[PDB]
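Only one chain is shown below, in structure tokens, and it's the form deposited in one PDB entry.
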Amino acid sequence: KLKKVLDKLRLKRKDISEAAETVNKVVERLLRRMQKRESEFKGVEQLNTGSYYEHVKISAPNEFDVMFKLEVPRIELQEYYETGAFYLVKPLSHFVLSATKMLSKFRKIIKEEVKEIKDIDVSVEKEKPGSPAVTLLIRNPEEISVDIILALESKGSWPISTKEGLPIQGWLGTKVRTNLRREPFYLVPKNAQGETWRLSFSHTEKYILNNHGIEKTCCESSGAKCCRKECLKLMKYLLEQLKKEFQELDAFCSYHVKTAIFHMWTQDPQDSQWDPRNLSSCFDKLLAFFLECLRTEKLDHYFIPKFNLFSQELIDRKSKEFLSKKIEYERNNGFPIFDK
């Protein structure tokens, strides 16, 4: 079934162990260098985010996301247009706090430190505009990416654009939501302008992934297992496979699928609506939801409701119809792409 696919996607203990040991060496070293120097990033703290740390990494342990976040007292935001997600922001003297200038110095430091590593085969990938990350390419056994993500940490209440976000009230509840919104919020230097930062809720997304049930015992050793994470794996795999074959899908990414499933988990809050016995129905209903997002050109950021990830401005109508045909096809033919 889709069970055999999940078997293939399942990471191996051996591989996890080998990847993690190399990754931690490099990260531990980068993190130390940010402290030890008369460095403007002294104080930066490490936060592990994304799939591997959410336990929804598929295929291989080869992509790791780490936040190097820095406490910045009493900063003042100004929303960059009515975009909801992008802001100007107001030790760091030489960086309005310019995202690009801060990222550059951060990146310079990392590059320098990477040169000094003689026990691991590791380089710094050429910069992509649009990435807030300094990406490391590690080879030692085989290929592993590590994104080192610079983040400002603010302790204020979250910005107004998120007031109506995180609609978990009927699923995870009001106490969970109030507590989550008492955690700090993050600003990440995302930039295709050079002074614009972007809100990040990776920390919150991680908590949700690991506390995802309406029952406190969902997926615990004295609870019942659900198939919420397995659906997310399957959906991510369908996208990766399609994306590797079709250049038309360059504008799509796994965050789109993650956002979609957060909305489905809200819409279907009950653990019994994600029974492992109903993996197919569950996967199928997720596809149907994703297709509706494509058809209506609408997939709101889960934390920032006015920010449409499927706006015309971000992803072209044709790209959306293209992905629809390809999903509808896979869906109506037993997912041939799951075999390749």
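Position 1 is the first residue in the sequence shown; the rest follow in order. The term rigid core refers to the most C-alpha atoms you can superpose between the two forms while keeping them within 1.5 Å. Shifts are known only where both forms have a C-alpha.
What follows is about the form deposited in another entry, which we do not show.
Colleague: Would you indicate which listed residue, out of 102, 136, 166, 231, moves its Cα by 2 Å or more between this form and the one not shown relative to the superposed core?
Modeller: Residue with a C-alpha shift of 2 Å or more: 136.
Colleague: Given a core-based superposition, decide whether the C-alpha of residue 57 shifts by 2 Å or more between this form and the one not shown.
Modeller: Yes, the C-alpha position differs by at least 2 Å between this form and the one not shown.
Colleague: How about residue 123 - superposed on the rigid core, does its CA move between this form and the one not shown by 2 Å or more?
Modeller: Moves: yes, 2 Å or greater.
Colleague: Establish whether a shift of 2 Å or more occurs at the C-alpha of residue 21 between this form and the one not shown, with the two forms superposed on the rigid core.
Modeller: The answer is yes; the displacement is at least 2 Å.
Colleague: Relative to what is shown, are the Cα atoms of residue 56 and residue 84 closer or farther apart in that other deposited form, where the gap shifts by 3 Å or more?
Modeller: Relative to the displayed form, residue 56 and residue 84 draw closer in that other deposited form - a change of at least 3 Å between their C-alphas.
Colleague: Just to spell it out: taking the C-alpha atom of residue 53 and the C-alpha atom of residue 237, is that distance smaller or larger in that other deposited form than in the structure shown here, given it changes by 3 Å or more?
Modeller: Here the pair is farther apart than in that other deposited form; there, closer.
Colleague: Moving stretches between this form and the one not shown on a rigid-core fit: which runs of at least three residues all have C-alpha shifts of 2 Å or more?
Modeller: After core superposition, the displaced runs are 11-21, 50-67, 111-147.
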